[PDB]
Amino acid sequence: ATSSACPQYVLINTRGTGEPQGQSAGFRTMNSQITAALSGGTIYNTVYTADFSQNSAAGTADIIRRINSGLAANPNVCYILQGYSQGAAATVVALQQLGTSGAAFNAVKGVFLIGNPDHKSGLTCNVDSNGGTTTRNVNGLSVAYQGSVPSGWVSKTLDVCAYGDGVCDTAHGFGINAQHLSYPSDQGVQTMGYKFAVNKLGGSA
């Protein structure tokens, strides 16, 4: 189907530490679903090292580069920003830099995060792998210094934290564990991400 709201869109995804340059395993299934549901889509894989240091500036910069380059070519292009683990942090910092007004903000229809080190207790974008609230009121490993999804972005963000994922849920989790690695094959996560994106892009799902 063609979305009248978004005849062309880009799923910009930023991967986790150690994933090969390419699409994150975190979004492969949902992105196959989104692009099959809505025409005019491409999947852009943020270019950066995704190294263990967690210094992700090049990732943040490349997200924003892709957003701005797209808008230069098509002022009506739509984006979904997706980030897993280090890539979620890189995405959060992109939101902080983009601000909450202007062309880039307007073009980003949704932000979908999994295993977010910057997960912030109490934000209403926060859901668990089943779409519930069991990880709403927990903090990630990095939020204290790196900050959070800005308030003006929350209404179009979904920050998915599996119960007991130690990266986004330091209350119930304990470091990088199976829960942090679960997202690529979690059917709740993949389906939620696909429906979220298609709906934010103006389609039916």
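Note that residue numbering follows the sequence shown and begins at 1.
Which of the two stretches, 98-106 or 127-135, shows the higher mean Cα temperature factor in the record? The entry gives the higher C-alpha B-factor average to 98-106.
Which listed residue, 45, 142, 60, 155, has the largest C-alpha temperature factor in the record? That would be 155.
Top Cα B factor in the deposited entry, candidates 114, 73, 92, 81: That would be 73, according to the entry.
By its CA B factor, does residue 191 count among the lowest, middle or highest third of the modelled residues in the chain? It falls in the middle third of the chain.
Would you mind checking where the Cα B-factor of residue 39 ranks among the modelled residues of its chain, as the lowest, middle or highest third? It belongs to the highest third of the chain when residues are ordered by C-alpha B-factor.
Give the position of residue 185 by CA B-factor within its chain, expressed as the lowest, middle or highest third. Its C-alpha B-factor, which the entry lists for residue 185, ranks in the highest third among residues of this chain.
Sorting the chain's CA B-factors, does residue 31 end up in the lowest, middle or highest third? CA B-factor rank for residue 31: lowest third.
Once the chain's modelled residues are ordered by C-alpha B factor and cut into thirds, is residue 176 in the lowest, middle or highest one? Highest third of the chain for residue 176's C-alpha B-factor.
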